[PDB]
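Just below is one structure, and these are the notes that go with it.
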Amino acid sequence: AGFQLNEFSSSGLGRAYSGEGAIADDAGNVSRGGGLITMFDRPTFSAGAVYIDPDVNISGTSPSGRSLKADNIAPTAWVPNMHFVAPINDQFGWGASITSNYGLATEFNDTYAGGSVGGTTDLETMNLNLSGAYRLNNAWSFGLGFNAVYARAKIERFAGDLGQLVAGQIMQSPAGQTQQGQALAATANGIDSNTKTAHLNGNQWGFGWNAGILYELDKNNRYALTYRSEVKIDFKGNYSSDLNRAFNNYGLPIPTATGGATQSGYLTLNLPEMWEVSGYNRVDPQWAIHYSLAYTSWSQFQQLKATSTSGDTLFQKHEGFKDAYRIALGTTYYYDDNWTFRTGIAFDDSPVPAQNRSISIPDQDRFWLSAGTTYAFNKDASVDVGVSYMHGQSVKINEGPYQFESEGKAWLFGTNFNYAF
Ligand SMILES: CCCCCCCCCCCC[N+](C)(C)[O-]
Ligand SMILES: CCCCCCCCCCCC[N+](C)(C)[O-]
């Protein structure tokens with residue numbers, strides 16, 4: 001959904017994150033659950049990373065003539081994890097975790113007609129979480145948590161074929177016969193395909209809490225309600241356009257030129273809040289199944305507006321996403337004291353309504369198809385590894401004067417090691 005990242009755990013990548021939040025064992029998925037802590041005897045530490053290899057493609061042709069084919073844009077993705085849940089007494093316990101539930105790819109050559117809206121896009125996001133939980137009565141446990149999110153981000157864009165058309169158009173209207181437009185055309189042609197049209201980049205922290213509730217029918221059965229707050233990140237970074245300050249103030253699309261000089265610019269990224277009901281059931285000694293349904297009020301992510309020292313708009317862009325559900329169902333098979341198995345189906349609607357899709361964040365309802373294993377070493381430590389396959393229906397896009405077409409597809413590799421004390 002949009003650009004949030006579930007990943008966070010190999011142990012869970014195996015079950016297409018289906019009910020993460022009611023299936024505590026191996027720790028890790030304590031974060032995103034909080035109220036799971038209460039379910040731990042010995043400090044359990046698990047870590048690892050989930051490798052993401054996405055194949056997203058853009059296809060099309062531009063008024064210009066040049067092709068909009070962008071064969072590959074979403075670079076691989078690292079995204080590590082690391083958790084540490086630790087009991088305190090028999091009513092309390094605390095936990096920590098280093099995850100990254102937000103961020104994206106998107107390359108696009110520094111050339112490419114349509115670069116006007118393709119340049120580059122990066123958002124790395126490390127969410128530091130420290131949670132604690134009470135266990136009220138024998139079957140109810142409540143969790144609360146503070147989160148410290150950090151994020152680096154870069155946004156580059158360049159004048160695509162634009163220069164052409166502009167120039168072109170000029171040259172076919174009673175203005176191509178004008179000593180004026182003529183040179184104007186010239187200048188227009190001068191904007192090299194690869195001229196950095198927009199640059200914004202910045203590092204900044206942001207905070208926000210989170211809570212969760214855990215109810216267990218009995219030891220083998222559970223259900224949960226979780227909530228992660230929004231996280232307004234008030235960036236204070238840099239901006240700059242290599243276009244000549246002339247283009248500015250003509251109320252045209254083209255983002256505020258700075259004559260290739262850096263202006264200090266502010267902007268706010270709203271990482272969305274999210275709710276999630278979940279359930280776990282150990283039907284039979286070896287077999288257990290898990291539900292899951294999540295809400296990510298993406299509605300909060302309305303725009304990427306970037307302002308200046310003097311409070312003017314430097315670079316804006318409508319996003320107007322809308323709420324989205326994500327459903328998941330997976331099961332686990334505990335063969336014997338050493339091995340453990342899992343498999344999952346997961347689906348979720350794209351937060352971005354067609355009216356606003358963008359080659360920048362080509363998003364489309366994603367379908368998950370995963371399964372993995374867990375080789376226990378000795379009642380104390382183990383290793384988690386699972387693969388995931390997400391394929392989605394290629395959808396149409398309409399940005400600027402360009403008509404695109406984008407196809408999504410991607411694989412996942414997970415590996416985790418976890419020890420106990
Ligand atoms: C802290 C690690 C950050 C790794 C950056 C992760 C990039 C994942 C790529 C997501 C881009 C895909 N798409 C279609 C959703 O925009
Ligand atoms: C001053 C740096 C500002 C960049 C931080 C904003 C990153 C937004 C990344 C996700 C949305 C990207 N997009 C399509 C709106 O350009």
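So you can find residues: chains in the structure tokens are A, B, ... in the order shown, residues in each start at 1, and ligands are numbered from 1 in order.
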Find the nearest atom pair between each residue of chain A and ligand 2 for residues within 7 Å, count only C-alpha atoms and all ligand atoms, give distances in Å to one decimal, sort rows by chain and ascending number, and present the table as a tab-separated table.
residue	atom	partner	partner_atom_place_in_ligand_line	distance
A:104	CA	ligand 2	10 (C)	6.9
A:121	CA	ligand 2	12 (C)	6.2
A:122	CA	ligand 2	9 (C)	6.3
A:123	CA	ligand 2	7 (C)	5.5
A:153	CA	ligand 2	5 (C)	4.8
A:154	CA	ligand 2	4 (C)	5.2
A:155	CA	ligand 2	4 (C)	5.5
A:200	CA	ligand 2	1 (C)	4.2
A:201	CA	ligand 2	2 (C)	3.6
A:202	CA	ligand 2	2 (C)	4.5
A:235	CA	ligand 2	1 (C)	6.1
A:236	CA	ligand 2	1 (C)	6.7
A:237	CA	ligand 2	1 (C)	4.8
A:238	CA	ligand 2	1 (C)	5.8
A:239	CA	ligand 2	1 (C)	6.8
A:265	CA	ligand 2	1 (C)	6.6
A:266	CA	ligand 2	1 (C)	6.6
A:267	CA	ligand 2	1 (C)	6.2
A:269	CA	ligand 2	6 (C)	5.9
A:304	CA	ligand 2	15 (C)	5.5
A:317	CA	ligand 2	15 (C)	6.5
A:319	CA	ligand 2	15 (C)	6.4
A:358	CA	ligand 2	14 (C)	6.7
A:360	CA	ligand 2	14 (C)	4.6
A:361	CA	ligand 2	14 (C)	5.4
Practice prompt. Counting only C-alpha atoms and all ligand atoms, name the residues that have an atom within 10 Å of an atom of ligand 1; the answer should be given as a PyMOL selection string.
Written response: chain A and resi 1-5+7+49-57+73-81+98-107+121-127+150-152+350+358-364+366+406-410
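Each of A:120, A:173, A:393, A:416 was checked against residue A:349 using only C-alpha atoms; the smallest atom-to-atom distance is that of A:393.
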Secondary structure check, alpha helix (DSSP H) residues of stretch 22-203 of chain A, as an mmCIF file with N, CA, C and O atoms, in the first residue's frame:
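Result file follows (result.cif):
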data_model
loop_
_atom_site.group_PDB
_atom_site.id
_atom_site.type_symbol
_atom_site.label_atom_id
_atom_site.label_comp_id
_atom_site.auth_asym_id
_atom_site.auth_seq_id
_atom_site.Cartn_x
_atom_site.Cartn_y
_atom_site.Cartn_z
ATOM 1 N N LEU A 162 10.579 17.962 -22.934
ATOM 2 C CA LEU A 162 9.952 19.281 -22.835
ATOM 3 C C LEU A 162 10.556 20.321 -23.749
ATOM 4 O O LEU A 162 9.901 20.774 -24.681
ATOM 5 N N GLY A 163 11.808 20.683 -23.490
ATOM 6 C CA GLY A 163 12.483 21.683 -24.298
ATOM 7 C C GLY A 163 12.031 21.668 -25.738
ATOM 8 O O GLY A 163 11.768 22.722 -26.323
ATOM 9 N N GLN A 164 11.936 20.459 -26.290
ATOM 10 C CA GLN A 164 11.522 20.227 -27.667
ATOM 11 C C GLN A 164 10.172 20.844 -27.899
ATOM 12 O O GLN A 164 10.058 21.973 -28.380
ATOM 13 N N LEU A 165 9.147 20.081 -27.544
ATOM 14 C CA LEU A 165 7.763 20.494 -27.706
ATOM 15 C C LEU A 165 7.631 22.013 -27.572
ATOM 16 O O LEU A 165 7.218 22.695 -28.517
ATOM 17 N N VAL A 166 8.002 22.537 -26.406
ATOM 18 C CA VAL A 166 7.953 23.968 -26.150
ATOM 19 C C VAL A 166 8.438 24.648 -27.389
ATOM 20 O O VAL A 166 7.698 25.314 -28.092
ATOM 21 N N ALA A 167 9.720 24.463 -27.636
ATOM 22 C CA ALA A 167 10.356 25.040 -28.789
ATOM 23 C C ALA A 167 9.530 24.744 -30.011
ATOM 24 O O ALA A 167 9.171 25.638 -30.772
ATOM 25 N N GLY A 168 9.231 23.470 -30.188
ATOM 26 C CA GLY A 168 8.446 23.052 -31.327
ATOM 27 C C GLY A 168 7.200 23.892 -31.474
ATOM 28 O O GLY A 168 7.050 24.647 -32.436
ATOM 29 N N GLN A 169 6.298 23.757 -30.513
ATOM 30 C CA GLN A 169 5.052 24.503 -30.536
ATOM 31 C C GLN A 169 5.324 25.937 -30.993
ATOM 32 O O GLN A 169 4.765 26.403 -31.995
ATOM 33 N N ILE A 170 6.208 26.616 -30.264
ATOM 34 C CA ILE A 170 6.553 27.996 -30.572
ATOM 35 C C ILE A 170 6.738 28.178 -32.065
ATOM 36 O O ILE A 170 6.145 29.067 -32.696
ATOM 37 N N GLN A 179 11.039 37.640 -34.460
ATOM 38 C CA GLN A 179 12.416 37.768 -33.986
ATOM 39 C C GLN A 179 12.428 37.415 -32.508
ATOM 40 O O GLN A 179 13.460 37.063 -31.938
ATOM 41 N N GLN A 180 11.260 37.519 -31.894
ATOM 42 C CA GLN A 180 11.116 37.217 -30.486
ATOM 43 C C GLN A 180 11.126 35.720 -30.287
ATOM 44 O O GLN A 180 12.168 35.133 -30.017
ATOM 45 N N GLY A 181 9.955 35.109 -30.429
ATOM 46 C CA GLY A 181 9.833 33.677 -30.253
ATOM 47 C C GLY A 181 10.980 32.875 -30.835
ATOM 48 O O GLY A 181 11.393 31.879 -30.252
ATOM 49 N N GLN A 182 11.502 33.307 -31.978
ATOM 50 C CA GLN A 182 12.602 32.602 -32.629
ATOM 51 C C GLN A 182 13.735 32.342 -31.667
ATOM 52 O O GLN A 182 14.103 31.196 -31.440
ATOM 53 N N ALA A 183 14.291 33.401 -31.101
ATOM 54 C CA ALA A 183 15.370 33.230 -30.144
ATOM 55 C C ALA A 183 14.801 32.470 -28.943
ATOM 56 O O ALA A 183 15.457 31.583 -28.396
ATOM 57 N N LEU A 184 13.577 32.816 -28.543
ATOM 58 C CA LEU A 184 12.926 32.150 -27.419
ATOM 59 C C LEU A 184 12.922 30.657 -27.690
ATOM 60 O O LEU A 184 13.199 29.846 -26.808
ATOM 61 N N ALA A 185 12.605 30.298 -28.925
ATOM 62 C CA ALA A 185 12.596 28.904 -29.319
ATOM 63 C C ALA A 185 13.992 28.411 -28.998
ATOM 64 O O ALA A 185 14.177 27.480 -28.218
ATOM 65 N N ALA A 186 14.974 29.069 -29.598
ATOM 66 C CA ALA A 186 16.363 28.723 -29.378
ATOM 67 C C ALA A 186 16.564 28.377 -27.915
ATOM 68 O O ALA A 186 16.769 27.210 -27.574
ATOM 69 N N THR A 187 16.496 29.388 -27.053
ATOM 70 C CA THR A 187 16.666 29.172 -25.625
ATOM 71 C C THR A 187 15.956 27.902 -25.185
ATOM 72 O O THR A 187 16.552 27.065 -24.514
ATOM 73 N N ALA A 188 14.690 27.761 -25.578
ATOM 74 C CA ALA A 188 13.884 26.584 -25.241
ATOM 75 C C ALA A 188 14.597 25.287 -25.587
ATOM 76 O O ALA A 188 14.598 24.319 -24.823
ATOM 77 N N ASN A 189 15.196 25.276 -26.762
ATOM 78 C CA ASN A 189 15.921 24.114 -27.226
ATOM 79 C C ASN A 189 17.141 23.863 -26.365
ATOM 80 O O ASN A 189 17.585 22.728 -26.215
ATOM 81 N N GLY A 190 17.670 24.938 -25.796
ATOM 82 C CA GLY A 190 18.854 24.840 -24.968
ATOM 83 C C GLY A 190 18.757 23.997 -23.708
ATOM 84 O O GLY A 190 19.779 23.524 -23.190
#
Go through stretch 22-82 of chain A residue by residue and, counting only C-alpha atoms, keep those with an atom at most 10 Å from stretch 395-400 of chain A; for each kept residue give the shortest atom pair and its distance in Å to one decimal, ordered by chain and increasing number, as CSV.
residue,atom,partner,partner_atom,distance
A:58,CA,A:397,CA,9.3
A:59,CA,A:396,CA,9.5
A:60,CA,A:396,CA,9.9
Item to complete: Could you pull out the residues in stretch 229-409 of chain A that DSSP calls strand (DSSP E) from the backbone, as a VMD selection string?
Response: chain A and resid 231 to 239 263 to 271 274 to 284 287 to 290 293 to 295 306 to 308 313 to 315 325 to 333 341 to 348 366 to 376 382 to 399 402 to 409
Practice prompt. Name all residues at most 9 Å from residue A:197 (count only C-alpha atoms; drop same-chain ones fewer than 3 positions away) and give them as a ChimeraX atom specification.
Written response: /A:115-116,119,156-159,194,240-243,254-257
Worksheet item: When distances are computed from only C-alpha atoms, which of A:65, A:208, A:392, A:311 shows the smallest separation from residue A:161?
Response: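 Under the stated criterion, the closest residue is A:65.
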